[PDB]
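A.B. asks: My structure is stored as upload_3.tsv, with TSV, N, CA and C atoms and all ligand atoms.
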chain	number	residue	atom	x	y	z
A	1	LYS	N	14.85	12.87	-12.09
A	1	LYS	CA	13.53	13.57	-12.27
A	1	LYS	C	12.95	13.29	-13.65
A	2	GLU	N	11.84	12.56	-13.67
A	2	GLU	CA	11.43	11.83	-14.85
A	2	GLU	C	10.69	12.73	-15.82
A	3	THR	N	11.00	12.61	-17.11
A	3	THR	CA	10.23	13.34	-18.10
A	3	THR	C	8.84	12.69	-18.22
A	4	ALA	N	7.90	13.46	-18.74
A	4	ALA	CA	6.56	12.92	-18.92
A	4	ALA	C	6.56	11.73	-19.85
A	5	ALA	N	7.31	11.81	-20.94
A	5	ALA	CA	7.34	10.71	-21.88
A	5	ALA	C	7.95	9.46	-21.24
A	6	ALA	N	9.02	9.62	-20.47
A	6	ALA	CA	9.63	8.46	-19.83
A	6	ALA	C	8.70	7.86	-18.79
A	7	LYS	N	7.96	8.70	-18.07
A	7	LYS	CA	7.01	8.18	-17.09
A	7	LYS	C	5.93	7.35	-17.77
A	8	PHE	N	5.46	7.80	-18.93
A	8	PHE	CA	4.49	7.01	-19.68
A	8	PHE	C	5.06	5.65	-20.04
A	9	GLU	N	6.30	5.60	-20.51
A	9	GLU	CA	6.93	4.34	-20.89
A	9	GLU	C	7.02	3.40	-19.70
A	10	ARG	N	7.49	3.91	-18.57
A	10	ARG	CA	7.64	3.09	-17.39
A	10	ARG	C	6.29	2.58	-16.90
A	11	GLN	N	5.27	3.44	-16.85
A	11	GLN	CA	4.00	3.01	-16.30
A	11	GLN	C	3.22	2.13	-17.25
A	12	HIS	N	3.39	2.28	-18.57
A	12	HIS	CA	2.40	1.70	-19.48
A	12	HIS	C	2.92	0.78	-20.56
A	13	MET	N	4.21	0.70	-20.81
A	13	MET	CA	4.69	-0.13	-21.90
A	13	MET	C	5.20	-1.47	-21.40
A	14	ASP	N	4.68	-2.54	-21.97
A	14	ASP	CA	5.29	-3.85	-21.77
A	14	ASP	C	5.29	-4.59	-23.11
A	15	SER	N	6.29	-4.30	-23.95
A	15	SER	CA	6.43	-4.92	-25.26
A	15	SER	C	7.04	-6.32	-25.19
A	16	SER	N	7.49	-6.74	-24.02
A	16	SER	CA	8.25	-7.98	-23.94
A	16	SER	C	7.35	-9.21	-23.92
A	17	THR	N	6.06	-9.01	-23.73
A	17	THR	CA	5.10	-10.10	-23.73
A	17	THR	C	3.92	-9.70	-24.61
A	18	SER	N	3.29	-10.70	-25.23
A	18	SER	CA	2.16	-10.42	-26.10
A	18	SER	C	0.86	-10.26	-25.33
A	19	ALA	N	0.81	-10.73	-24.09
A	19	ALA	CA	-0.41	-10.71	-23.29
A	19	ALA	C	-0.05	-11.17	-21.89
A	20	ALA	N	-0.88	-10.77	-20.93
A	20	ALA	CA	-0.78	-11.34	-19.59
A	20	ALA	C	-1.29	-12.78	-19.63
A	21	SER	N	-0.41	-13.73	-19.31
A	21	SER	CA	-0.76	-15.15	-19.31
A	21	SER	C	-0.90	-15.71	-17.90
A	22	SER	N	-1.01	-14.86	-16.89
A	22	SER	CA	-1.09	-15.31	-15.50
A	22	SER	C	-1.88	-14.31	-14.67
A	23	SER	N	-2.56	-14.83	-13.64
A	23	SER	CA	-3.28	-13.97	-12.70
A	23	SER	C	-2.35	-13.10	-11.86
A	24	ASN	N	-1.06	-13.45	-11.78
A	24	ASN	CA	-0.11	-12.69	-10.97
A	24	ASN	C	0.64	-11.64	-11.78
A	25	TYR	N	0.33	-11.48	-13.07
A	25	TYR	CA	1.04	-10.52	-13.90
A	25	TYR	C	1.04	-9.13	-13.28
A	26	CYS	N	-0.12	-8.63	-12.85
A	26	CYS	CA	-0.15	-7.26	-12.34
A	26	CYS	C	0.63	-7.13	-11.05
A	27	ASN	N	0.51	-8.10	-10.15
A	27	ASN	CA	1.28	-8.02	-8.92
A	27	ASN	C	2.76	-7.86	-9.23
A	28	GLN	N	3.26	-8.64	-10.19
A	28	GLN	CA	4.68	-8.59	-10.50
A	28	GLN	C	5.05	-7.31	-11.22
A	29	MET	N	4.25	-6.90	-12.19
A	29	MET	CA	4.62	-5.75	-13.01
A	29	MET	C	4.46	-4.44	-12.27
A	30	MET	N	3.42	-4.31	-11.44
A	30	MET	CA	3.24	-3.10	-10.67
A	30	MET	C	4.41	-2.91	-9.73
A	31	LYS	N	4.97	-4.00	-9.24
A	31	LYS	CA	6.12	-3.86	-8.35
A	31	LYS	C	7.39	-3.56	-9.13
A	32	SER	N	7.63	-4.26	-10.23
A	32	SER	CA	8.88	-4.08	-10.94
A	32	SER	C	8.99	-2.71	-11.60
A	33	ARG	N	7.86	-2.09	-11.96
A	33	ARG	CA	7.89	-0.75	-12.55
A	33	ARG	C	7.81	0.33	-11.48
A	34	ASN	N	7.94	-0.05	-10.21
A	34	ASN	CA	8.03	0.87	-9.08
A	34	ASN	C	6.74	1.65	-8.89
A	35	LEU	N	5.62	1.01	-9.19
A	35	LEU	CA	4.32	1.62	-8.99
A	35	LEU	C	3.70	1.26	-7.64
A	36	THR	N	4.42	0.54	-6.79
A	36	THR	CA	3.94	0.24	-5.45
A	36	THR	C	4.92	0.73	-4.38
A	37	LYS	N	5.83	1.62	-4.76
A	37	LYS	CA	6.70	2.28	-3.79
A	37	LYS	C	5.92	3.42	-3.14
A	38	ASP	N	5.85	3.40	-1.81
A	38	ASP	CA	5.19	4.46	-1.06
A	38	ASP	C	3.67	4.37	-1.11
A	39	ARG	N	3.07	3.89	-2.20
A	39	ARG	CA	1.64	3.66	-2.13
A	39	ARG	C	1.30	2.64	-3.20
A	40	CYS	N	0.12	2.02	-3.07
A	40	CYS	CA	-0.37	1.19	-4.16
A	40	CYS	C	-1.06	2.07	-5.20
A	41	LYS	N	-0.53	2.17	-6.41
A	41	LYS	CA	-1.26	2.88	-7.44
A	41	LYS	C	-2.55	2.12	-7.71
A	42	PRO	N	-3.71	2.77	-7.65
A	42	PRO	CA	-4.95	1.97	-7.65
A	42	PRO	C	-5.27	1.30	-8.98
A	43	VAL	N	-4.95	1.93	-10.11
A	43	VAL	CA	-5.35	1.45	-11.43
A	43	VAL	C	-4.23	1.76	-12.40
A	44	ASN	N	-3.92	0.81	-13.28
A	44	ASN	CA	-2.87	1.06	-14.26
A	44	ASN	C	-3.01	0.08	-15.41
A	45	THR	N	-2.82	0.57	-16.62
A	45	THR	CA	-2.90	-0.25	-17.82
A	45	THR	C	-1.53	-0.42	-18.45
A	46	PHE	N	-1.21	-1.66	-18.82
A	46	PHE	CA	-0.01	-1.97	-19.59
A	46	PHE	C	-0.40	-2.32	-21.01
A	47	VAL	N	0.36	-1.83	-21.98
A	47	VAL	CA	0.11	-2.06	-23.40
A	47	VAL	C	1.17	-3.01	-23.94
A	48	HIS	N	0.73	-4.08	-24.59
A	48	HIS	CA	1.64	-5.10	-25.14
A	48	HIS	C	1.81	-4.92	-26.64
A	49	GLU	N	2.34	-3.79	-27.03
A	49	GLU	CA	2.66	-3.53	-28.42
A	49	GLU	C	4.02	-2.88	-28.41
A	50	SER	N	4.59	-2.73	-29.60
A	50	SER	CA	5.87	-2.06	-29.68
A	50	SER	C	5.72	-0.59	-29.28
A	51	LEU	N	6.81	-0.02	-28.77
A	51	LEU	CA	6.80	1.41	-28.49
A	51	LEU	C	6.45	2.21	-29.75
A	52	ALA	N	7.02	1.84	-30.89
A	52	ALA	CA	6.70	2.56	-32.12
A	52	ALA	C	5.21	2.55	-32.43
A	53	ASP	N	4.53	1.42	-32.24
A	53	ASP	CA	3.11	1.38	-32.55
A	53	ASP	C	2.31	2.25	-31.60
A	54	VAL	N	2.74	2.34	-30.36
A	54	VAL	CA	2.02	3.16	-29.40
A	54	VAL	C	2.29	4.64	-29.66
A	55	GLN	N	3.55	5.00	-29.96
A	55	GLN	CA	3.84	6.37	-30.34
A	55	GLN	C	3.06	6.79	-31.58
A	56	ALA	N	2.83	5.87	-32.52
A	56	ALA	CA	2.10	6.17	-33.75
A	56	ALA	C	0.67	6.60	-33.49
A	57	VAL	N	0.11	6.25	-32.33
A	57	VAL	CA	-1.27	6.65	-32.04
A	57	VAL	C	-1.41	8.16	-32.02
A	58	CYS	N	-0.33	8.90	-31.70
A	58	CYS	CA	-0.39	10.36	-31.68
A	58	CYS	C	-0.64	10.97	-33.06
A	59	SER	N	-0.63	10.16	-34.12
A	59	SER	CA	-0.99	10.59	-35.46
A	59	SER	C	-2.30	9.97	-35.94
A	60	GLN	N	-3.07	9.35	-35.07
A	60	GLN	CA	-4.31	8.66	-35.44
A	60	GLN	C	-5.52	9.51	-35.08
A	61	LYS	N	-6.58	8.95	-34.49
A	61	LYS	CA	-7.84	9.67	-34.44
A	61	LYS	C	-7.86	10.66	-33.28
A	62	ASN	N	-7.98	11.94	-33.59
A	62	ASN	CA	-7.98	12.97	-32.54
A	62	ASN	C	-9.36	13.02	-31.90
A	63	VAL	N	-9.40	12.87	-30.57
A	63	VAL	CA	-10.61	12.85	-29.78
A	63	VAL	C	-10.39	13.65	-28.50
A	64	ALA	N	-11.49	14.00	-27.85
A	64	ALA	CA	-11.39	14.65	-26.55
A	64	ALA	C	-10.90	13.66	-25.49
A	65	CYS	N	-10.09	14.18	-24.56
A	65	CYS	CA	-9.77	13.49	-23.32
A	65	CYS	C	-10.92	13.62	-22.31
A	66	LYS	N	-10.93	12.72	-21.32
A	66	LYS	CA	-11.98	12.76	-20.31
A	66	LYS	C	-12.04	14.10	-19.59
A	67	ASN	N	-10.90	14.78	-19.46
A	67	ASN	CA	-10.86	16.06	-18.77
A	67	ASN	C	-11.19	17.24	-19.68
A	68	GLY	N	-11.58	16.97	-20.91
A	68	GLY	CA	-11.98	18.03	-21.81
A	68	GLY	C	-10.90	18.57	-22.71
A	69	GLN	N	-9.64	18.19	-22.50
A	69	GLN	CA	-8.57	18.62	-23.38
A	69	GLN	C	-8.69	17.91	-24.73
A	70	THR	N	-8.09	18.51	-25.75
A	70	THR	CA	-8.25	18.02	-27.12
A	70	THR	C	-6.98	17.43	-27.70
A	71	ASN	N	-6.03	17.04	-26.85
A	71	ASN	CA	-4.82	16.41	-27.34
A	71	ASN	C	-4.82	14.90	-27.11
A	72	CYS	N	-6.00	14.27	-27.15
A	72	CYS	CA	-6.07	12.82	-27.04
A	72	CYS	C	-6.28	12.21	-28.42
A	73	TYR	N	-5.80	10.98	-28.55
A	73	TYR	CA	-5.82	10.23	-29.80
A	73	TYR	C	-6.22	8.80	-29.50
A	74	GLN	N	-7.11	8.27	-30.33
A	74	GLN	CA	-7.61	6.91	-30.21
A	74	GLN	C	-6.96	6.06	-31.29
A	75	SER	N	-6.43	4.91	-30.90
A	75	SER	CA	-5.83	4.02	-31.88
A	75	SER	C	-6.86	3.52	-32.87
A	76	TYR	N	-6.47	3.48	-34.14
A	76	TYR	CA	-7.35	2.94	-35.17
A	76	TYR	C	-7.63	1.46	-34.95
A	77	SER	N	-6.62	0.70	-34.54
A	77	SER	CA	-6.79	-0.73	-34.34
A	77	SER	C	-6.85	-1.04	-32.85
A	78	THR	N	-7.34	-2.24	-32.54
A	78	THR	CA	-7.26	-2.67	-31.16
A	78	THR	C	-5.84	-3.12	-30.85
A	79	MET	N	-5.49	-3.07	-29.56
A	79	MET	CA	-4.16	-3.41	-29.07
A	79	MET	C	-4.32	-4.34	-27.88
A	80	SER	N	-3.32	-5.19	-27.66
A	80	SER	CA	-3.32	-6.06	-26.49
A	80	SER	C	-2.98	-5.26	-25.25
A	81	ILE	N	-3.87	-5.27	-24.25
A	81	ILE	CA	-3.62	-4.53	-23.02
A	81	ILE	C	-3.93	-5.40	-21.82
A	82	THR	N	-3.37	-4.99	-20.68
A	82	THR	CA	-3.70	-5.58	-19.40
A	82	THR	C	-4.07	-4.48	-18.44
A	83	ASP	N	-5.27	-4.54	-17.90
A	83	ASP	CA	-5.69	-3.60	-16.86
A	83	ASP	C	-5.35	-4.21	-15.51
A	84	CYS	N	-4.72	-3.41	-14.66
A	84	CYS	CA	-4.34	-3.79	-13.31
A	84	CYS	C	-5.12	-2.91	-12.35
A	85	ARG	N	-5.90	-3.53	-11.46
A	85	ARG	CA	-6.70	-2.78	-10.50
A	85	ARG	C	-6.57	-3.40	-9.12
A	86	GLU	N	-6.36	-2.54	-8.13
A	86	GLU	CA	-6.27	-3.00	-6.76
A	86	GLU	C	-7.53	-3.73	-6.37
A	87	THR	N	-7.37	-4.83	-5.66
A	87	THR	CA	-8.50	-5.55	-5.11
A	87	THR	C	-8.98	-4.86	-3.84
A	88	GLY	N	-10.12	-5.33	-3.33
A	88	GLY	CA	-10.65	-4.76	-2.10
A	88	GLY	C	-9.84	-5.10	-0.87
A	89	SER	N	-9.07	-6.18	-0.91
A	89	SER	CA	-8.26	-6.59	0.22
A	89	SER	C	-6.83	-6.08	0.12
A	90	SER	N	-6.54	-5.21	-0.84
A	90	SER	CA	-5.20	-4.65	-0.97
A	90	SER	C	-5.03	-3.47	-0.03
A	91	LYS	N	-3.87	-3.39	0.62
A	91	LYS	CA	-3.53	-2.17	1.34
A	91	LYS	C	-2.03	-2.13	1.56
A	92	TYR	N	-1.45	-0.99	1.24
A	92	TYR	CA	-0.01	-0.78	1.30
A	92	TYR	C	0.53	-1.28	2.64
A	93	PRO	N	1.68	-1.97	2.65
A	93	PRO	CA	2.60	-2.21	1.54
A	93	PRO	C	2.36	-3.51	0.78
A	94	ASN	N	1.35	-4.29	1.16
A	94	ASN	CA	1.05	-5.54	0.47
A	94	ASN	C	-0.01	-5.28	-0.60
A	95	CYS	N	0.42	-4.58	-1.64
A	95	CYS	CA	-0.47	-4.25	-2.73
A	95	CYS	C	-0.87	-5.52	-3.46
A	96	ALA	N	-2.15	-5.61	-3.84
A	96	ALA	CA	-2.65	-6.76	-4.55
A	96	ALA	C	-3.55	-6.29	-5.69
A	97	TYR	N	-3.40	-6.92	-6.85
A	97	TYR	CA	-4.07	-6.47	-8.05
A	97	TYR	C	-4.80	-7.59	-8.75
A	98	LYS	N	-5.94	-7.25	-9.34
A	98	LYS	CA	-6.64	-8.07	-10.33
A	98	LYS	C	-6.09	-7.78	-11.72
A	99	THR	N	-5.82	-8.85	-12.46
A	99	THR	CA	-5.30	-8.79	-13.83
A	99	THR	C	-6.42	-9.07	-14.81
A	100	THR	N	-6.66	-8.14	-15.74
A	100	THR	CA	-7.66	-8.36	-16.79
A	100	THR	C	-7.03	-8.07	-18.15
A	101	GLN	N	-6.85	-9.11	-18.94
A	101	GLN	CA	-6.30	-9.00	-20.29
A	101	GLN	C	-7.43	-8.74	-21.27
A	102	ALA	N	-7.19	-7.83	-22.23
A	102	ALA	CA	-8.20	-7.52	-23.23
A	102	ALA	C	-7.53	-6.98	-24.47
A	103	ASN	N	-8.30	-6.91	-25.55
A	103	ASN	CA	-7.87	-6.31	-26.81
A	103	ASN	C	-8.79	-5.13	-27.04
A	104	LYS	N	-8.25	-3.93	-26.96
A	104	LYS	CA	-9.07	-2.73	-27.02
A	104	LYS	C	-8.35	-1.63	-27.74
A	105	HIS	N	-9.12	-0.64	-28.19
A	105	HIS	CA	-8.49	0.58	-28.66
A	105	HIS	C	-7.96	1.32	-27.45
A	106	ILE	N	-6.82	1.98	-27.60
A	106	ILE	CA	-6.27	2.81	-26.54
A	106	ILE	C	-6.48	4.28	-26.89
A	107	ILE	N	-6.62	5.09	-25.84
A	107	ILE	CA	-6.71	6.54	-25.98
A	107	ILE	C	-5.60	7.13	-25.15
A	108	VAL	N	-4.71	7.90	-25.78
A	108	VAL	CA	-3.58	8.51	-25.09
A	108	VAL	C	-3.59	10.01	-25.33
A	109	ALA	N	-3.05	10.75	-24.38
A	109	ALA	CA	-2.77	12.17	-24.57
A	109	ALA	C	-1.33	12.34	-25.03
A	110	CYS	N	-1.13	13.22	-25.98
A	110	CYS	CA	0.18	13.41	-26.58
A	110	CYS	C	0.64	14.85	-26.40
A	111	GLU	N	1.95	15.01	-26.25
A	111	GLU	CA	2.56	16.32	-26.05
A	111	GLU	C	3.99	16.26	-26.52
A	112	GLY	N	4.53	17.41	-26.89
A	112	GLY	CA	5.96	17.60	-26.96
A	112	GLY	C	6.48	17.56	-28.38
A	113	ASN	N	7.80	17.70	-28.47
A	113	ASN	CA	8.54	17.48	-29.71
A	113	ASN	C	9.75	16.61	-29.39
A	114	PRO	N	9.78	15.34	-29.83
A	114	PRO	CA	8.72	14.71	-30.64
A	114	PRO	C	7.38	14.60	-29.88
A	115	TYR	N	6.31	14.46	-30.65
A	115	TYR	CA	4.95	14.41	-30.13
A	115	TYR	C	4.64	12.98	-29.75
A	116	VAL	N	4.63	12.70	-28.46
A	116	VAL	CA	4.56	11.32	-27.99
A	116	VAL	C	3.56	11.20	-26.85
A	117	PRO	N	3.19	9.98	-26.48
A	117	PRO	CA	2.20	9.81	-25.42
A	117	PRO	C	2.76	10.21	-24.06
A	118	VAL	N	1.94	10.92	-23.29
A	118	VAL	CA	2.33	11.32	-21.95
A	118	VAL	C	1.33	10.89	-20.89
A	119	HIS	N	0.13	10.48	-21.30
A	119	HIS	CA	-0.93	10.09	-20.37
A	119	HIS	C	-1.77	9.01	-21.03
A	120	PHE	N	-2.18	8.02	-20.25
A	120	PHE	CA	-3.09	6.98	-20.71
A	120	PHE	C	-4.48	7.38	-20.24
A	121	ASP	N	-5.38	7.67	-21.18
A	121	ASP	CA	-6.69	8.19	-20.80
A	121	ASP	C	-7.71	7.07	-20.57
A	122	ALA	N	-7.77	6.11	-21.47
A	122	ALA	CA	-8.78	5.07	-21.40
A	122	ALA	C	-8.49	4.04	-22.47
A	123	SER	N	-9.27	2.97	-22.45
A	123	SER	CA	-9.31	2.02	-23.54
A	123	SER	C	-10.77	1.80	-23.87
A	124	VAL	N	-11.01	1.46	-25.12
A	124	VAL	CA	-12.34	1.23	-25.64
A	124	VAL	C	-12.30	-0.06	-26.43
A	201	CL	CL	11.63	3.92	-11.47
A	202	CL	CL	-3.86	3.64	-16.69
A	203	CL	CL	-11.52	13.22	-37.84
A	204	NA	NA	8.43	14.40	-22.14
So, in terms of C-alpha cells, how does the structure I just supplied come out?
Ligand SMILES: [Cl-]
Ligand SMILES: [Cl-]
Ligand SMILES: [Cl-]
Ligand code: NA
C.D. replies:
Amino acid sequence: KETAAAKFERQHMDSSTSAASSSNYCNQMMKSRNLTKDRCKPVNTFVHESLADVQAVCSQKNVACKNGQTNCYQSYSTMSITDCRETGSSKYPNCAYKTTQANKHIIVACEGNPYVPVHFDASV
C-alpha cells in the first residue's frame, strides 16, 4: 500500500535519462511504471532530473494549485520533462501514448515530514 511520496516517485521520476529520445518512450515507461495496469492512465508527466532537485522544489516558489490549495511550488528553473498523453486510437489494454519532450518549470504539491512532492500539478 503505497505512500503518497512513493507514488509520486513511481509516476513521475525518471532520472536515468536526460530526455525522451524516442517516440516510443511513453509507451515503454507508462507500462514499466505500472500505469497501464487495469486502465490506461490518460496523462502523465515524467521529470528527468535528480530526485534531490525535484524534492528541492518544495522550498522554491509557493503558488496556488489548480484546485485552489496553497501547498504548490513552482521550480525556479526549467527542468527536462516528458509529457505522455493517450492518443485518440488508444484503448485498454493496448494503451498508446504521444511523447512530447520539453523544458519547463514544474509545479508540484508538497506534503509531509519530510516535506516532499506528492502530486504533479502542471508545467509552465
Ligand atoms: Cl508498482
Ligand atoms: Cl502528470
Ligand atoms: Cl513570494
Ligand atoms: Na508520503
A.B. asks: Please list, as a JSON list (two decimals) with N, CA and C atoms, in the coordinates of the input, the residues that have an atom at most 6.5 Å away from (5.3, 10.2, -29.8) in the coordinates of this file, counting only N, CA and C atoms.
C.D. replies:
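Generated output (result.json):
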[["chain", "number", "residue", "atom", "x", "y", "z"],
["A", 54, "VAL", "N", 2.74, 2.34, -30.36],
["A", 54, "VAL", "CA", 2.02, 3.16, -29.40],
["A", 54, "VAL", "C", 2.29, 4.64, -29.66],
["A", 55, "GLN", "N", 3.55, 5.00, -29.96],
["A", 55, "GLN", "CA", 3.84, 6.37, -30.34],
["A", 55, "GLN", "C", 3.06, 6.79, -31.58],
["A", 56, "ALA", "N", 2.83, 5.87, -32.52],
["A", 56, "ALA", "CA", 2.10, 6.17, -33.75],
["A", 56, "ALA", "C", 0.67, 6.60, -33.49],
["A", 58, "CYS", "N", -0.33, 8.90, -31.70],
["A", 58, "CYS", "CA", -0.39, 10.36, -31.68],
["A", 58, "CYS", "C", -0.64, 10.97, -33.06],
["A", 114, "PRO", "N", 9.78, 15.34, -29.83],
["A", 114, "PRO", "CA", 8.72, 14.71, -30.64],
["A", 114, "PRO", "C", 7.38, 14.60, -29.88],
["A", 115, "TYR", "N", 6.31, 14.46, -30.65],
["A", 115, "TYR", "CA", 4.95, 14.41, -30.13],
["A", 115, "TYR", "C", 4.64, 12.98, -29.75],
["A", 116, "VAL", "N", 4.63, 12.70, -28.46],
["A", 116, "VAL", "CA", 4.56, 11.32, -27.99],
["A", 116, "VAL", "C", 3.56, 11.20, -26.85],
["A", 117, "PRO", "N", 3.19, 9.98, -26.48],
["A", 117, "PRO", "CA", 2.20, 9.81, -25.42],
["A", 117, "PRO", "C", 2.76, 10.21, -24.06]]
A.B. asks: List all protein, DNA and RNA residues that have an atom no more than 9 Å from any atom of ligand NA 204 (chain A), counting only C-alpha atoms and all ligand atoms, and report them as an mmCIF file with N, CA and C atoms, in the coordinates of the input.
C.D. replies:
data_model
loop_
_atom_site.group_PDB
_atom_site.id
_atom_site.type_symbol
_atom_site.label_atom_id
_atom_site.label_comp_id
_atom_site.auth_asym_id
_atom_site.auth_seq_id
_atom_site.Cartn_x
_atom_site.Cartn_y
_atom_site.Cartn_z
ATOM 1 N N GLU A 2 11.840 12.560 -13.670
ATOM 2 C CA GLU A 2 11.430 11.830 -14.850
ATOM 3 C C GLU A 2 10.690 12.730 -15.820
ATOM 4 N N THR A 3 11.000 12.610 -17.110
ATOM 5 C CA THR A 3 10.230 13.340 -18.100
ATOM 6 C C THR A 3 8.840 12.690 -18.220
ATOM 7 N N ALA A 4 7.900 13.460 -18.740
ATOM 8 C CA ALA A 4 6.560 12.920 -18.920
ATOM 9 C C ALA A 4 6.560 11.730 -19.850
ATOM 10 N N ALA A 5 7.310 11.810 -20.940
ATOM 11 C CA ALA A 5 7.340 10.710 -21.880
ATOM 12 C C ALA A 5 7.950 9.460 -21.240
ATOM 13 N N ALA A 6 9.020 9.620 -20.470
ATOM 14 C CA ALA A 6 9.630 8.460 -19.830
ATOM 15 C C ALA A 6 8.700 7.860 -18.790
ATOM 16 N N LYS A 7 7.960 8.700 -18.070
ATOM 17 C CA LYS A 7 7.010 8.180 -17.090
ATOM 18 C C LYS A 7 5.930 7.350 -17.770
ATOM 19 N N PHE A 8 5.460 7.800 -18.930
ATOM 20 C CA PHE A 8 4.490 7.010 -19.680
ATOM 21 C C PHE A 8 5.060 5.650 -20.040
ATOM 22 N N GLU A 111 1.950 15.010 -26.250
ATOM 23 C CA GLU A 111 2.560 16.320 -26.050
ATOM 24 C C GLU A 111 3.990 16.260 -26.520
ATOM 25 N N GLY A 112 4.530 17.410 -26.890
ATOM 26 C CA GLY A 112 5.960 17.600 -26.960
ATOM 27 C C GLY A 112 6.480 17.560 -28.380
ATOM 28 N N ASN A 113 7.800 17.700 -28.470
ATOM 29 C CA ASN A 113 8.540 17.480 -29.710
ATOM 30 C C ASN A 113 9.750 16.610 -29.390
ATOM 31 N N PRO A 114 9.780 15.340 -29.830
ATOM 32 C CA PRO A 114 8.720 14.710 -30.640
ATOM 33 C C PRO A 114 7.380 14.600 -29.880
ATOM 34 N N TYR A 115 6.310 14.460 -30.650
ATOM 35 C CA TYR A 115 4.950 14.410 -30.130
ATOM 36 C C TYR A 115 4.640 12.980 -29.750
ATOM 37 N N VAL A 116 4.630 12.700 -28.460
ATOM 38 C CA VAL A 116 4.560 11.320 -27.990
ATOM 39 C C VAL A 116 3.560 11.200 -26.850
ATOM 40 N N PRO A 117 3.190 9.980 -26.480
ATOM 41 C CA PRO A 117 2.200 9.810 -25.420
ATOM 42 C C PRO A 117 2.760 10.210 -24.060
ATOM 43 N N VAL A 118 1.940 10.920 -23.290
ATOM 44 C CA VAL A 118 2.330 11.320 -21.950
ATOM 45 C C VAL A 118 1.330 10.890 -20.890
#
A.B. asks: Got a sec to tell me which of chain A DSSP assigns to strand (DSSP E), as an NGL selection string?
C.D. replies: :A and (43-47 or 61-63 or 72-74 or 79-86 or 97-104 or 106-111 or 116-123)
A.B. asks: For the atom pair atom C of residue A:43 and atom CL of ligand CL 203 (chain A), what is the interatomic distance in Å to one decimal place?
C.D. replies: 28.8 Å
A.B. asks: Name each residue within 8 Å of ligand CL 203 (chain A), counting only N, CA and C atoms and all ligand atoms, as a ChimeraX atom specification.
C.D. replies: /A:60-63
A.B. asks: Given only N, CA and C atoms and all ligand atoms, how would the per-residue table for chain A near ligand CL 202 (chain A) read, listing every residue at most 8 Å away with its closest atom pair and distance in Å to one decimal, sorted by chain and number, as JSON lines?
C.D. replies:
{"residue": "A:11", "atom": "C", "partner": "A:CL202", "partner_atom": "CL", "distance": 7.3}
{"residue": "A:12", "atom": "CA", "partner": "A:CL202", "partner_atom": "CL", "distance": 7.1}
{"residue": "A:43", "atom": "C", "partner": "A:CL202", "partner_atom": "CL", "distance": 4.7}
{"residue": "A:44", "atom": "CA", "partner": "A:CL202", "partner_atom": "CL", "distance": 3.7}
{"residue": "A:45", "atom": "N", "partner": "A:CL202", "partner_atom": "CL", "distance": 3.2}
{"residue": "A:46", "atom": "N", "partner": "A:CL202", "partner_atom": "CL", "distance": 6.3}
{"residue": "A:83", "atom": "CA", "partner": "A:CL202", "partner_atom": "CL", "distance": 7.5}
{"residue": "A:84", "atom": "N", "partner": "A:CL202", "partner_atom": "CL", "distance": 7.4}
{"residue": "A:119", "atom": "C", "partner": "A:CL202", "partner_atom": "CL", "distance": 7.2}
{"residue": "A:120", "atom": "C", "partner": "A:CL202", "partner_atom": "CL", "distance": 5.2}
{"residue": "A:121", "atom": "N", "partner": "A:CL202", "partner_atom": "CL", "distance": 6.2}
{"residue": "A:122", "atom": "N", "partner": "A:CL202", "partner_atom": "CL", "distance": 6.7}
{"residue": "A:123", "atom": "N", "partner": "A:CL202", "partner_atom": "CL", "distance": 7.9}
A.B. asks: Taking a cut-off of 8 Å and counting all atoms listed in the file, can you build a table that, for each residue of chain A near ligand CL 201 (chain A), reports the nearest atom pair and how far apart they are in Å (one decimal), sorted by chain then residue number, as CSV?
C.D. replies:
residue,atom,partner,partner_atom,distance
A:10,CA,A:CL201,CL,7.2
A:32,C,A:CL201,CL,7.1
A:33,C,A:CL201,CL,5.2
A:34,CA,A:CL201,CL,5.3
A:35,N,A:CL201,CL,7.1
A.B. asks: Quick one: of A:64, A:124, A:20, A:81, who's nearest to residue A:47, counting all atoms listed in the file?
C.D. replies: A:81
A.B. asks: To one decimal in Å, tell me the separation between atom CA of residue A:97 and atom CA of residue A:27.
C.D. replies: 5.6 Å
A.B. asks: Would you mind reading off the distance between atom CA of residue A:17 and atom N of residue A:50, one decimal, in Å?
C.D. replies: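 Calculated distance between atom CA of residue A:17 and atom N of residue A:50 is 9.4 Å.
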A.B. asks: Show which residues sit within 6.5 Å of residue A:79, as a PyMOL selection string. Count all atoms listed in the file, and ignore same-chain residues fewer than 2 positions away.
C.D. replies: chain A and resi 48+77+81+102-106
A.B. asks: Go through A:40, A:22, A:78, A:29 and flag the residue nearest residue A:94, using only N, CA and C atoms for the distances.
C.D. replies: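 Nearest to residue A:94: A:40.
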A.B. asks: Quick one: what's the axis-aligned box for stretch 106-115 of chain A, all listed atoms, 6 Å on every side, centre and edges in Å to one decimal, as AutoDock Vina command-line options?
C.D. replies:
--center_x 1.5 --center_y 9.8 --center_z -27.5 --size_x 28.6 --size_y 27.7 --size_z 18.3
A.B. asks: Using only C-alpha atoms for the distances, tell me which of A:39, A:99, A:110, A:92 is nearest to residue A:71.
C.D. replies: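 Closest residue, counting only C-alpha atoms: A:110.
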A.B. asks: Using all atoms listed in the file, find the one residue out of A:9, A:109, A:1, A:26 that sits nearest to residue A:85.
C.D. replies: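 Nearest candidate to residue A:85 out of A:9, A:109, A:1, A:26: A:26.
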A.B. asks: Using DSSP assignments from the backbone, pull out every residue in stretch 30-122 of chain A that falls under alpha helix (DSSP H) and give it to me as a ChimeraX atom specification.
C.D. replies: /A:30-32,51-55
